[PDB]
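Please read the structure below before turning to the comments.
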2 protein chains.
Amino acid sequence: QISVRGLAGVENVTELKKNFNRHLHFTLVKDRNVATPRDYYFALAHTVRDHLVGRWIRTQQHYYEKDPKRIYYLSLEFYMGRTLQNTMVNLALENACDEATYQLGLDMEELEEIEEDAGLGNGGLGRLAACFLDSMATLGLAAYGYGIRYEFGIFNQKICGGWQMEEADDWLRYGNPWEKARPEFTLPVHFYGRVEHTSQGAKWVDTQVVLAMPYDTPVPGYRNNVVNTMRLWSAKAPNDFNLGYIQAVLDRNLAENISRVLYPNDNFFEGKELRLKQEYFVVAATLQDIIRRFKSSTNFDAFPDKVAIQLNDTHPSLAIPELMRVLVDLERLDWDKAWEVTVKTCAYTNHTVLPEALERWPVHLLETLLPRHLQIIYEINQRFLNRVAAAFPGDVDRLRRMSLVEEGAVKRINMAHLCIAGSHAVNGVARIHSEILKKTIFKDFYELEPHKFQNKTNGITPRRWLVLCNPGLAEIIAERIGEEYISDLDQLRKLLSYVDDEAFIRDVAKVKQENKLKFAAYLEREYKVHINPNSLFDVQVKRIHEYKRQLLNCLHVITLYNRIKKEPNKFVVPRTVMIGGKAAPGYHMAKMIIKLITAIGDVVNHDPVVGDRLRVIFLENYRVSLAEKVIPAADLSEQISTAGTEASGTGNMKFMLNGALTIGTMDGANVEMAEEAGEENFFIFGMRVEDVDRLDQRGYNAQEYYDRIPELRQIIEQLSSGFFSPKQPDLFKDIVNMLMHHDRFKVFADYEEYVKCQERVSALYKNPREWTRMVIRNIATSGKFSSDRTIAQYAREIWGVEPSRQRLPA
Amino acid sequence: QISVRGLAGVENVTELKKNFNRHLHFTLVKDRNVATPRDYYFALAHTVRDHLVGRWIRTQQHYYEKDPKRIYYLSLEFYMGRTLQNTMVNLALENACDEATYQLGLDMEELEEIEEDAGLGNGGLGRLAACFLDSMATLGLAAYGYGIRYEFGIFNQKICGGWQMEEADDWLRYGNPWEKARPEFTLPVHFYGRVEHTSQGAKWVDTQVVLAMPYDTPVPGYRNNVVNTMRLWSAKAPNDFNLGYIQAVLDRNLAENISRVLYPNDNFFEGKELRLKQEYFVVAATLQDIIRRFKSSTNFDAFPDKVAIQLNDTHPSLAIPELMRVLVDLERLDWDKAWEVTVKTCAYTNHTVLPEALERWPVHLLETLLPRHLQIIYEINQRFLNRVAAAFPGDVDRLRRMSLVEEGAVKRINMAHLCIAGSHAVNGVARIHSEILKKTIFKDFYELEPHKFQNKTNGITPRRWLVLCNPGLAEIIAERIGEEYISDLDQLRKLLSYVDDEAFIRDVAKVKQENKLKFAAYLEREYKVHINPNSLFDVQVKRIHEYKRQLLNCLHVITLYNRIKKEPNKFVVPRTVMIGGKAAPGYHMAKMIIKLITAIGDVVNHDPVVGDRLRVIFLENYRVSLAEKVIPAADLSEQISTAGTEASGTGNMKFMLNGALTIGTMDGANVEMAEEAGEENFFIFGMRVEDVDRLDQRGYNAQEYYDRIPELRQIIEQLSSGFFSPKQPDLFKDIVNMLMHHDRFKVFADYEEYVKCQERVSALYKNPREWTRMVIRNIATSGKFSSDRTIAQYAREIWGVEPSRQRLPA
Ligand SMILES: OC[C@H]1O[C@@]2(CC(c3ccccc3)=NO2)[C@H](O)[C@@H](O)[C@@H]1O
Ligand SMILES: OC[C@H]1O[C@@]2(CC(c3ccccc3)=NO2)[C@H](O)[C@@H](O)[C@@H]1O
């Protein structure tokens with residue numbers, strides 16, 4: 001149908017059809033008489049998977065022959081989403097498969113909806129890892145993603161009576177056609193035990209053993225025939241485990257629980273033993289695999305020349321003392337040499353500055369679980385503090401601030417401090433965030449080792465986040481400037497010369513309307529909810545958290561409702577306000593915010609006076625597959641975190657690429673987005689970081705805003721009195737109390753500017769031509785935010801490798 | 001190479017080779033450079049599996065079109081062993097695959113050794129189910145095996161310091177290429193809850209739900225293109241299960257533990273809740289599947305015309321009240337009609353008379369777990385006892401003897417009584433056993449309903465137990481009488497005309513010697529143990545149990561050793577005495593017997609005076625795959641249970657088919673084996689059932705035998721004094737105490753006759769020609785013991801269906 005989806009050659013279509021029928025018969029053991037849509041999905045998945053294998057085998061043998069420096073990306077989260085369409089896109093098979101299935105009497109888009117998301121992440125951090133894998137393959141890097149194969153990913157969210165309910169994400173129930181189990185490469189991981197000092201160094205003895213079984217998933221690059229590997233570890237009990245008899249076999253579950261479930265916390269540290277086990281599990285198995293591969297290429301001096309390890313936050317921070325353990329205890333290297341190798345191998349990316357998100361593990365937990373690692377951490381700390389004392393003589397408070405060991409009620413290890421000490425590079429994820437690291441939380445470390453600190457602004461892959469989810473937009477762009485931009489997003493700047501082109505203006509607006517119609521239809525079919533496709537689609541999708549200020553959005557919504565009720569016969573620009581996202585199960589306030597949103601919808605959506613002028617919808621079960629649907633349909637992107645709290649954001653970049661305008665604070669990557677597009681083409685409002693600092697010095701008093709803003713007072717009175725919960729008048733008392741007395745994120749302080757800015761949004765929307773021209777200026781300057789740009793920077797500035805767009809032979 | 005293994009056509013070999021390479025590439029994602037023997041096994045398995053699928057699909061659609069009466073074989077155990085060779089044999093692909101792999105530079109027999117046994121059974125009962133499935137497919141019956149997919153089958157046995165150690169049988173670790181998961185046919189199973197009586201009957205409410213997910217395995221018939229199904233259920237938690245959050249997901253293990261592990265008890269009842277859950281799990285899921293299939297063909301009058309359910313012992317006895325529950329509570333049939341349907345549908349096979357093996361479930365367990373079933377059982381009991389009271393007026397003791405409910409300290413349900421009441425046919429598994437049922441334990445029931453009681457003598461499949469494991473013997477037979485006997489074992493009678501044929505005598509003895517050499521080589525390669533291939537191979541392989549009297553064998557071994565030591569320079573016929581089998585982990589005495597055997601070996605095997613004249617070996621990890629190796633190598637089959645204790649035995653039949661002579665008591669199927677071959681061609685010794693009865697009336701006094709047999713006294717003195725355990729003098733005190741004071745199985749009573757009979761064995765072995773002539777007379781009369789004969793009898797006399805040898809189109 002459309003050009004960017006590739007060719008549908010006679011030979012290819014015929015071959016795909018026959019292989020489809022072969023898989024339905026031999027693989028699925030079905031015939032067309034009893035086959036269901038799900039069977040058809042699997043037949044298609046297996047057919048497409050077959051096209052990966054040749055490239056996968058030859059890519060890995062190419063790396064063995066060429067022996068390039070290998071990049072190891074360690075993460076506890078990989079938020080992959082669906083794989084079928086992405087694979088077709090990267091292999092140029094989409095049109096061919098569409099044709100093949102059409103000739104078989106099937107709709108491919110219907111089949112695509114059957115695939116479960118691989119939801120092995122919480123949100124932004126996990127999704128960044130996924131975009132990074134795509135970019136590393138597209139840039140021809142010898143890269144490996146290493147993580148945990150959770151049996152249960154991020155929970156499925158159901159809304160019942162306006163409240164969030166959780167259910168297990170049983171994503172493997174029907175099988176996973178993309179993974180290949182590699183039981184032959186199973187490795188042992190050790191826990192507990194004790195340290196024994198001998199004539200020849202320390203020995204870690206009397207341990208409990210859990211097996212790590214790898215599953216490999218192919219990661220195809222964009223049309224370059226490169227297929228890299230994501231290797232995820234699954235926990236297995238040894239066969240002599242606990243070996244009455246029956247109970248001993250049943251108790252194998254205890255060991256295998258390590259890889260059972262993803263911790264559902266976004267930007268929050270929960271210091272549970274099971275989580276610590278998960279972190280060591282991935283680190284220990286991965287490092288053995290790295291060292292094996294290095295030996296199968298004695299001389300560890302060349303280790304850093306052949307190996308780079310990237311730590312995705314502090315979650316895999318145990319890589320540092322584990323590498324030291326292996327080099328010192330097992331390979332018999334002297335400390336100083338082992339440390340040199342470790343530092344040159346490891347690099348650390350920090351993803352947040354929120355105090356409650358930082359990992360600080362109780363010493364007593366590490367003492368019991370990982371006694372040798374604690375000893376190594378103590379030794380690292382002593383040697384590091386000796387360096388600090390030499391550089392800043394007599395500065396005793398600096399020594400306590402910089403220590404890896406934190407004293408107090410319970411002694412803890414600061415894992416961020418461990419990572420900085422043991423890495424040759426430390427980066428933040430947006431310019432403002434990286435500067436905040438150097439000025440505040442890691443100031444002492446920056447003063448000691450300035451050369452270590454870098455910035456690498458986040459990005460998103462234009463394959464999934466444009467070509468896959470928005471083929472209509474991809475096509476109208478390709479018609480004007482060709483296809484090269486898909487792997488060279490900076491080429492979108494060429495669209496600036498079309499900002500006054502009447503045909504292009506029409507096409508951009510047409511594509512948006514089509515996306516909106518499609519999404520409006522999706523909502524009716526799957527959720528029986530009714531929306532006006534002519535209204536402004538006002539969208540805030542992201543995890544529910546106080547810092548992200550879904551509450552500020554709620555206040556604007558109520559403001560709009562109240563204004564309509566005050567003057568019903570006055571024209572307002574119609575809006576559909578959509579808010580979606582999951583709350584961590586133990587996060588009471590986030591769960592209350594969800595209930596508030598649905599409660600507002602209950603009132604607003606059923607008020608006859610409002611009509612189709614304002615609709616409030618909570619988008620249930622927000623996840624990668626839903627993002628791919630709603631983002632292309634959005635007009636307005638809500639990026640409204642308190643300045644200094646959102647390290648980067650990546651949802652923001654997705655909306656910019658897909659033709660939505662942004663209302664946002666100068667926070668995270670919003671700052672660079674506004675810089676790229678020009679501030680005139682962005683809806684910027686609210687406090688800057690400096691303004692937040694000034695308010696903190698003075699003391700934030702929410703009562704002041706309540707007293708001076710009559711429209712705000714009305715909303716608080718409505719919430720308190722039970723206007724949005726008539727049968728439970730005091731339901732939202734916790735929300736009101738927090739807003740009035742202990743709001744860490746200063747919701748009231750940005751209210752007036754926000755509402756004012758939103759009026760400017762509505763004004764522009766009344767002028768479709770000028771709205772679209774501003775959209776074009778956003779799309780055209782979105783190039784910087786390709787993860788290809790991000791990865792090229794990591795490659796050149798941290799890993800010491802050169803990216804390549806050269807094809808491997810097919 | 002050999003004729004019975006089929007043709008190796010040019011087209012077939014070329015096609016097998018290309019499909020092998022295809023699977024290695026696309027399925028296994030390997031190339032010849034990094035592939036291991038295990039990869040080669042899987043490539044072969046997938047290649048052979050492909051040949052099943054067409055036949056599997058067309059067989060099942062044939063049953064849908066023809067709508068024949070369906071046979072449902074319900075068992076908690078299916079001891080399948082390996083599948084690769086069996087599939088090749090039944091599809092006539094063995095020679096072709098041998099050629100194909102040979103041309104690829106691989107040895108097929110090496111690849112076959114990589115496959116794990118499917119060890120989903122304990123021994124005889126589970127293996128009978130497996131032979132039955134093979135025969136049902138070969139006889140063209142619309143048959144389905146239903147059971148549980150245990151994650152862990154019968155434990156792997158390791159011998160450490162002469163003691164049995166257990167380890168988990170992780171048989172699914174590398175995957176199972178033979179099964180097809182059918183998650184789309186998942187069914188709910190209910191537990192606990194309570195019974196609510198309404199205006200319209202009883203309702204079972206507030207239950208806990210566990211999901212039953214089916215996995216289908218193909219069961220090919222012998223060269224008839226029929227492929228039946230074995231459907232095994234796996235336990236799954238519902239997604240809202242227990243839905244802090246993390247613990248709730250972790251607690252899913254509790255539900256899924258139902259299908260985790262096989263209870264390792266042979267002929268012993270353990271009244272544990274988990275086992276009861278397993279029994280209901282298989283019954284509830286299976287019955288829903290049966291009823292669905294019946295409806296997809298309102299009128300339950302025709303149910304028994306279209307459905308037969310065979311209960312493999314009392315383990316699936318809950319089928320009776322479950323069927324009543326569904327018909328009465330759900331389908332709204334009146335009691336009397338539902339009962340008529342149930343009785344005509346169900347039939348029960350009893351497999352043992354040992355009191356400790358009979359299932360008697362505590363009422364309190366059924367009350368809590370299955371409240372509605374208990375109510376139904378009570379109602380069945382009341383109506384049944386009303387019938388008994390009408391037939392035998394005033395006989396109050398009969399009423400208490402026949403009751404399904406047993407009174408006492410704890411009230412129990414006698415599941416055997418339930419099965420007799422609710423079945424139209426009840427059978428034993430050998431003529432002597434079936435007669436014992438009518439005369440003793442079920443005498444009261446036989447008097448009430450004589451027409452119900454039948455015999456169906458057990459059998460073994462000649463495919464696995466001759467063609468597969470002993471191709472050399474199969475071939476020399478085929479050379480004389482053709483190939484028809486493989487599916488018509490009665491044709492072996494034609495070999496009687498070759499008992500004086502000098503060429504045949506030579507060939508039979510040659511095949512045995514070759515098998516012995518091969519097995520002697522296997523022992524050296526895998527266990528580094530050394531044996532004389534010229535010695536008499538004296539073999540007792542079976543589960544370790546007091547009733548099977550491995551101890552009697554031990555006494556003979558020590559007798560032989562003592563006689564050699566008394567007269568070292570006297571010639572004796574050299575023997576290799578091999579004993580193997582697993583002990584249930586909680587069975588102390590059986591574990592002690594294993595230690596005794598190894599302790600005897602430790603003394604006998606290292607005595608320089610003995611030399612190569614006597615060797616005692618414990619065969620580690622006896623299982624189906626080992627049986628296939630050792631049985632063809634055996635000269636003497638030990639079948640020495642106390643008369644009246646071994647219901648049938650099936651190992652006995654395996655040895656008879658493979659050219660071993662039998663030393664045995666007149667117990668189980670031994671009686672019919674001797675009848676078929678002629679008593680002159682069998683080494684019969686010891687008490688008959690009547691002699692055991694006489695001794696019991698008198699009172700068994702072991703001291704009498706000790707006092708009157710000097711050779712026996714010596715052995716007991718050796719055991720007691722510490723001759724076989726110098727460092728632990730009292731190690732075998734429990735064994736001596738049991739033998740002297742509480743031997744339920746009268747080991748001493750058969751000692752003299754046994755030793756005498758063994759002397760006659762040695763005498764015959766000195767004359768190779770006459771030994772072989774007697775062997776020929778055994779092989780020639782083994783036809784009755786084909787499971788094809790057994791299944792044909794079940795079909796005609798119980799199920800009301802006619803077997804067919806007609807081919808389905810390929
Ligand atoms: O760099 C990727 C993203 O990382 C974060 C940090 C984060 C996280 C998740 C789990 C644990 C700790 C931090 N999720 O999102 C940041 O909050 C977000 O701003 C950033 O875009
Ligand atoms: O019919 C098949 C076989 O059945 C038994 C009975 C049995 C068994 C196994 C588990 C639970 C209860 C009984 N295993 O073997 C009998 O002991 C054996 O004699 C017979 O050949």
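FYI, nothing fancy with the structure tokens labels: chains A, B, ... in order, residues from 1 per chain, ligands from 1 as they appear.
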Original post:
Using only C-alpha atoms, which residues sit within 10 Å of residue 259 (chain A) once same-chain residues fewer than 6 positions away are excluded, as a PyMOL selection string?
Top reply: chain A and resi 148-152+212+232-236+274-275+277-278+281-282
Sorted by chain and rising residue number, which residues of chain B lie within 6 Å of chain A, and what are their closest atom pairs and distances in Å to one decimal, counting only C-alpha atoms, as a Markdown table?
| residue | atom | partner | partner_atom | distance |
| --- | --- | --- | --- | --- |
| B:167 | CA | A:240 | CA | 5.2 |
| B:168 | CA | A:239 | CA | 5.2 |
| B:239 | CA | A:168 | CA | 5.2 |
| B:240 | CA | A:167 | CA | 5.2 |
Original post:
Which protein, DNA or RNA residues have an atom within 8 Å of ligand 1, counting only C-alpha atoms and all ligand atoms, as a list in words?
Top reply: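 The residues within 8 Å of ligand 1, counting only C-alpha atoms and all ligand atoms, are residues 122, 123, 124, 125, 126, 127, 128, 265, 266, 267, 268, 269, 313, 315, 350, 351, 352, 357, 358, 429, 458, 645, 646, 647, 648, 649, 650, 651 and 668 of chain A.
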**OP:** Considering only C-alpha atoms and all ligand atoms, state which residue in the set B:642, B:681, B:772, B:781 is at the smallest distance from ligand 2.
**Re:**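 Nearest candidate to ligand 2 out of B:642, B:681, B:772, B:781: B:642.
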If you run DSSP on the backbone, which residues of region 372-425 of chain A are strand (DSSP E), as a short mmCIF file (atom, residue, chain, number, x, y, z; two decimals) with N, CA, C and O atoms, in the first residue's frame?
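Contents of out_10.cif, freshly written:
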data_model
loop_
_atom_site.label_atom_id
_atom_site.label_comp_id
_atom_site.auth_asym_id
_atom_site.auth_seq_id
_atom_site.Cartn_x
_atom_site.Cartn_y
_atom_site.Cartn_z
N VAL A 405 29.88 4.18 52.63
CA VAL A 405 29.16 3.71 53.81
C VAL A 405 28.50 4.90 54.52
O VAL A 405 29.18 5.86 54.90
N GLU A 406 27.18 4.82 54.68
CA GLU A 406 26.42 5.84 55.39
C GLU A 406 26.12 5.38 56.82
O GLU A 406 25.52 4.32 57.02
N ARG A 412 24.20 1.83 55.89
CA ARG A 412 23.82 1.51 54.52
C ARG A 412 24.98 1.74 53.57
O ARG A 412 25.90 2.50 53.86
N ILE A 413 24.93 1.07 52.42
CA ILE A 413 25.87 1.33 51.33
C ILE A 413 25.17 2.19 50.28
O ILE A 413 24.11 1.82 49.79
N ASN A 414 25.77 3.34 49.97
CA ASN A 414 25.26 4.19 48.90
C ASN A 414 25.77 3.66 47.57
O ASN A 414 26.95 3.79 47.24
N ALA A 425 33.37 6.72 33.56
CA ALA A 425 32.45 7.73 33.06
C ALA A 425 31.14 7.66 33.81
O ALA A 425 30.63 6.57 34.09
#
**OP:** Please provide as a list in words all residues within 9 Å of region 517-523 of chain A, with the sequence filter that same-chain residues fewer than 4 positions apart are discarded (counting only C-alpha atoms).
**Re:**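 The residues that qualify are residues 512, 513, 527, 528, 529, 530, 531, 532, 533, 534, 629, 630, 632 and 633 of chain A.
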**OP:** Kindly indicate which residue among B:110, B:94, B:667, B:435 lies nearest to ligand 2, using only C-alpha atoms and all ligand atoms for the distances.
**Re:** B:667
**OP:** From the DSSP assignment of the backbone, select every residue of region 519-662 of chain A that is alpha helix (DSSP H), and format the answer as a PyMOL selection string.
**Re:** chain A and resi 519-527+550-566+588-604+624-630+651-657
Subject >> Residue contacts of region 801-807 of chain A (12 Å, only C-alpha atoms) excluding same-chain residues fewer than 5 positions away, as a ChimeraX atom specification >> reply: /A:55,59,68-71,135-143,221-227,304-308,484,487-488,788-796
With N, CA and C atoms retained, could you export that selection as a tab-separated table (two decimals), in the first residue's frame?
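Result went into part.tsv, see below:
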chain	number	residue	atom	x	y	z
A	55	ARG	N	20.48	-14.34	9.43
A	55	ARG	CA	21.16	-13.09	9.79
A	55	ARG	C	21.70	-13.13	11.22
A	59	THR	N	25.60	-12.81	11.91
A	59	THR	CA	26.03	-11.66	12.71
A	59	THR	C	26.95	-12.11	13.84
A	68	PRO	N	35.54	-7.59	17.57
A	68	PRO	CA	35.51	-6.18	17.94
A	68	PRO	C	35.30	-6.02	19.44
A	69	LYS	N	35.48	-4.80	19.95
A	69	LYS	CA	35.11	-4.50	21.33
A	69	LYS	C	33.61	-4.74	21.51
A	70	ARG	N	33.26	-5.49	22.55
A	70	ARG	CA	31.87	-5.85	22.83
A	70	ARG	C	31.27	-4.90	23.86
A	71	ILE	N	30.03	-4.49	23.63
A	71	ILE	CA	29.33	-3.58	24.53
A	71	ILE	C	28.26	-4.36	25.30
A	135	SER	N	18.80	0.92	18.42
A	135	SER	CA	19.83	1.81	17.86
A	135	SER	C	21.21	1.16	17.77
A	136	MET	N	21.59	0.38	18.78
A	136	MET	CA	22.90	-0.30	18.75
A	136	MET	C	23.02	-1.29	17.58
A	137	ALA	N	21.93	-1.99	17.28
A	137	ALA	CA	21.88	-2.91	16.15
A	137	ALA	C	21.89	-2.15	14.82
A	138	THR	N	21.14	-1.06	14.76
A	138	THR	CA	21.07	-0.21	13.55
A	138	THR	C	22.42	0.45	13.25
A	139	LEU	N	23.19	0.74	14.29
A	139	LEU	CA	24.52	1.34	14.15
A	139	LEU	C	25.67	0.32	14.11
A	140	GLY	N	25.32	-0.95	13.96
A	140	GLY	CA	26.30	-2.02	13.73
A	140	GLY	C	27.28	-2.27	14.85
A	141	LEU	N	26.85	-2.04	16.09
A	141	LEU	CA	27.69	-2.26	17.26
A	141	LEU	C	27.56	-3.69	17.75
A	142	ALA	N	28.68	-4.27	18.19
A	142	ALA	CA	28.67	-5.62	18.77
A	142	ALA	C	28.12	-5.54	20.19
A	143	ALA	N	26.81	-5.41	20.30
A	143	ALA	CA	26.16	-5.09	21.57
A	143	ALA	C	25.25	-6.19	22.09
A	221	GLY	N	18.68	-4.89	13.46
A	221	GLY	CA	18.95	-3.50	13.09
A	221	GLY	C	18.11	-3.12	11.89
A	222	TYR	N	18.01	-1.82	11.62
A	222	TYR	CA	17.17	-1.35	10.52
A	222	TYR	C	17.81	-1.60	9.15
A	223	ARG	N	17.34	-2.66	8.50
A	223	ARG	CA	17.69	-2.98	7.10
A	223	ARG	C	19.19	-3.05	6.79
A	224	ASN	N	19.97	-3.45	7.79
A	224	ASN	CA	21.42	-3.62	7.64
A	224	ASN	C	21.87	-5.07	7.82
A	225	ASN	N	20.90	-5.97	7.97
A	225	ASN	CA	21.13	-7.40	8.18
A	225	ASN	C	21.89	-7.75	9.46
A	226	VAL	N	22.00	-6.79	10.37
A	226	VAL	CA	22.60	-7.04	11.68
A	226	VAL	C	21.50	-7.53	12.63
A	227	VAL	N	21.78	-8.61	13.35
A	227	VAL	CA	20.88	-9.11	14.39
A	227	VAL	C	21.71	-9.37	15.64
A	304	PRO	N	39.66	-4.18	29.17
A	304	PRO	CA	38.94	-2.94	28.84
A	304	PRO	C	38.97	-2.54	27.37
A	305	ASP	N	39.91	-3.09	26.60
A	305	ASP	CA	39.98	-2.83	25.15
A	305	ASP	C	38.95	-3.66	24.39
A	306	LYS	N	38.48	-4.73	25.02
A	306	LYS	CA	37.58	-5.67	24.37
A	306	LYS	C	36.19	-5.72	25.01
A	307	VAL	N	36.06	-5.08	26.17
A	307	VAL	CA	34.82	-5.11	26.94
A	307	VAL	C	34.44	-3.73	27.48
A	308	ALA	N	33.20	-3.32	27.22
A	308	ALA	CA	32.60	-2.18	27.91
A	308	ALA	C	31.34	-2.65	28.62
A	484	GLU	N	15.81	8.12	3.69
A	484	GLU	CA	17.06	8.15	4.46
A	484	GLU	C	16.91	8.60	5.91
A	487	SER	N	16.92	6.32	9.37
A	487	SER	CA	18.15	6.00	10.09
A	487	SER	C	19.09	7.21	10.18
A	488	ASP	N	18.55	8.39	9.88
A	488	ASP	CA	19.30	9.65	9.93
A	488	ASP	C	18.29	10.76	10.20
A	788	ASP	N	19.55	6.97	17.91
A	788	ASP	CA	20.76	6.79	17.09
A	788	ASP	C	21.80	7.85	17.43
A	789	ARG	N	21.34	9.09	17.63
A	789	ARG	CA	22.22	10.18	18.04
A	789	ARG	C	22.79	9.89	19.44
A	790	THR	N	21.92	9.52	20.37
A	790	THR	CA	22.33	9.17	21.73
A	790	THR	C	23.39	8.06	21.75
A	791	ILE	N	23.13	6.96	21.04
A	791	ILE	CA	24.04	5.81	21.04
A	791	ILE	C	25.37	6.13	20.36
A	792	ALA	N	25.33	6.91	19.28
A	792	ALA	CA	26.56	7.36	18.63
A	792	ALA	C	27.46	8.13	19.61
A	793	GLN	N	26.84	8.91	20.50
A	793	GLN	CA	27.58	9.66	21.52
A	793	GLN	C	28.17	8.77	22.62
A	794	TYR	N	27.38	7.83	23.14
A	794	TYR	CA	27.91	6.81	24.05
A	794	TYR	C	29.08	6.06	23.41
A	795	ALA	N	28.90	5.66	22.15
A	795	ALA	CA	29.91	4.90	21.41
A	795	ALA	C	31.24	5.64	21.33
A	796	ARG	N	31.18	6.89	20.89
A	796	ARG	CA	32.39	7.68	20.66
A	796	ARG	C	33.01	8.22	21.94
